[PDB]
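Here are two versions of the same chain, shown separately as structure tokens and labelled structure 1 and structure 2.
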Structure 1
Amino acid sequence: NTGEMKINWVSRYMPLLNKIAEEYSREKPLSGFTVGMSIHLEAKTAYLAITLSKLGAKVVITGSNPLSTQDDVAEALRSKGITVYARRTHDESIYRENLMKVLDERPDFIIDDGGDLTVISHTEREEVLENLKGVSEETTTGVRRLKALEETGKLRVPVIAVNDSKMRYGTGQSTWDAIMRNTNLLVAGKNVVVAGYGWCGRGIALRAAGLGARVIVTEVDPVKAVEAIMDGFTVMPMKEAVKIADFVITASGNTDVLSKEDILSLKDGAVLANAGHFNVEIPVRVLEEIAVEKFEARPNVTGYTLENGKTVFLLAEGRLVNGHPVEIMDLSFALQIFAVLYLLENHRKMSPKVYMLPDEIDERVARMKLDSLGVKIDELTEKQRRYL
């Protein structure tokens, strides 16, 4: 079975979930409990569900899945007694109905996505609050929403912010890897303009220089501009920089980092990419307004042909240009399972507030990972403990 084969592949490479099953699948700490989940359904998340089931949980899952591609995985989970509501979830009203179906099962613990199950539970499905004991939230958007819910005084259950989004060549390595993958263009020997020289922009500039680019930085803060100069970059106004730029990367946290005049000064073939959080830095609406032709040049690359006859290329529709390997999801899933187990053990002692993941869980998972790698480390002596 293709679904079973997908799961078998990931099962080979999720050592922490395998260790958690070895340690807890006889005790079955979640026997008699239901765990409701909203997650993107694929073999890796399936294995999290399977692991929770080995620990005794009744697992009920909604998959946010706009294609049919992982239906084989859904069907394999259903064969293992796990309840899966994932078909037709391209429609928004069906995703919400599937969330309602998870809540129909009166979950004891929720592994949420974006806070969706939890917010519904507090607003339209309050009857589930009786049985709901705790929520684990791994998404940054979810933790924000549940903190905002706390701040209104409406949160009724403990929430753990699993808070594992924190994750060699610095912060700019991922950005340039994505730019290279999406364009297949050389960075060496090119003029790269970086707008903003905070931690993000500096990383992007340093990596570009390591790839062999000549780097120009734009800034509005004189202190930051001096820093860029002392790192060996050229600083000049954007109006000048766009005239020679092969790449322009916005890292400013600002709006309209390029004007209409700036765009009309770009070289034919210039590549634009945003490394900030929102699509306002490169004014996509301005490109759409002034272009005489818009086309898909490559996957994730949009060409805009301008009134001056030149074409410029925008990566990823102006969104953050920079979906994880099996072992990384194994680590994230281990932290999430331990969060649910912590809530199981301690929820009666916890307030209806958002807690940061207890540091003990980070240390337990790290130790388990070292153990699975065969790595040994040092231990503090008595003299060293007395010193610290």
Structure 2
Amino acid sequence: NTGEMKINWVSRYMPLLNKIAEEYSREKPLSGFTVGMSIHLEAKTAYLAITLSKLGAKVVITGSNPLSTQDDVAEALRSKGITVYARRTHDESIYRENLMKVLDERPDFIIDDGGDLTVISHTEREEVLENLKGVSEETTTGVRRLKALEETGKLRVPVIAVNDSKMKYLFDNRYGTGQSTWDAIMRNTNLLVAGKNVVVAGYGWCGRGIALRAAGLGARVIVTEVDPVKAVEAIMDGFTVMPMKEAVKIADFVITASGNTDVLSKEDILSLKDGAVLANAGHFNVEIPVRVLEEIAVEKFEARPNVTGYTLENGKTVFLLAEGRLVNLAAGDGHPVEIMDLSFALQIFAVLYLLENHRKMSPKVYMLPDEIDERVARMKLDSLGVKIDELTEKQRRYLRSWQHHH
């Protein structure tokens, strides 16, 4: 089983989760509690699930990504007492039903991936809301949705946004999301990136990482944006900025990373050159309008696994990766094992934080406590065998005084 092998592989390179398991498996702090999860299911996230289980939690999972009927990772999890609900295709109806099945187990805590499970809890299953003590949300898209929910006054449980900690800087780095995205694009196209015009839509944490990686690969990077401050940063970073309607005319690759909808229009698409490659790095598959592609294409064909060709009225053919879905997850390895280990440790401690403090907390979206960022950093340094400096007594006094040393 590649799946059991992959879980064993992953476990060997997730030192933080291993440390957490070794530290708390005997005390089992989550014993008697149920953690529900909506996540992209594969070996890495399976290990998060397993760690929570070792800590005593009853884990209930729903995988958003379609899985083969005898998926090795799902089976490994089930053999450990972990419940796993999956779907076979991108059928929204089944996806909704699977979310409901997780809620049917009345989770005490939820680890959400985009805010779906939380939102549906507040709009369709209020009975579950009463037992729900807290939510840990991973993505920028999910946090945005939940902050908007809080805005209306409808939010009824504490939410910890793990997304915006001191270390989202690690997750979206050029070595985090940046490289995983380009690895998925290159492995599925075998095309040379050096010298090519790469358009990246959005220059936030995700897009910047993707743009920096492309440049490091020799690409000529072009950035599109709606925020002047971000555009200027791209320019200062050495990239070219222009409107998308202009960028598409010269694009060899177009990568969306905005977290917005319809970043490409029909007109935009009809400007692309024959052979152009499109991919989405945002959370939902609405950035590149796949429905529009389907509708205006004279013909659609499979060019390679994970790559769809679309010939248009202008006779040109453009290619889409992973049907416009999160390319690094849907057609790649997601993020490096050690990067997920870091993200997962933050999420596990967030859940423990909610367990210890949900009553004291209010039904609003909280930033991840600083103490958690520092605890994970200290553990990471320990696992690396790295030592750093400490402040001296004189330095402590210097830093808090306004008077001059002299």
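Rigid core here is just the name for the largest C-alpha set that superposes within 1.5 Å across the two forms. Just so we're on the same page, residue numbers count up from 1 along structure 1's sequence.
Among the residues 248, 160, 73, 110, the single one whose Cα moves by at least 2 Å between structures 1 and 2, once the core is superposed, is 248. In the core-superposed comparison between structures 1 and 2, the C-alpha atom of residue 150 has shifted by less than 2 angstroms. Superposed on the core, the two forms differ at residue 184: its CA moves 2 Å or more between structures 1 and 2. Once you line up the core between structures 1 and 2, the Cα of residue 97 stays within less than 2 Å of where it was. For residue 56, the CA shift between structures 1 and 2 after superposing the rigid core equals 0.2 Å. Shown is the Cα shift of residue 6 between structures 1 and 2 after rigid core superposition, which amounts to 1.2 Å. Fit the two forms on the rigid core and the C-alpha of residue 212 turns out 7.5 Å off between structures 1 and 2.
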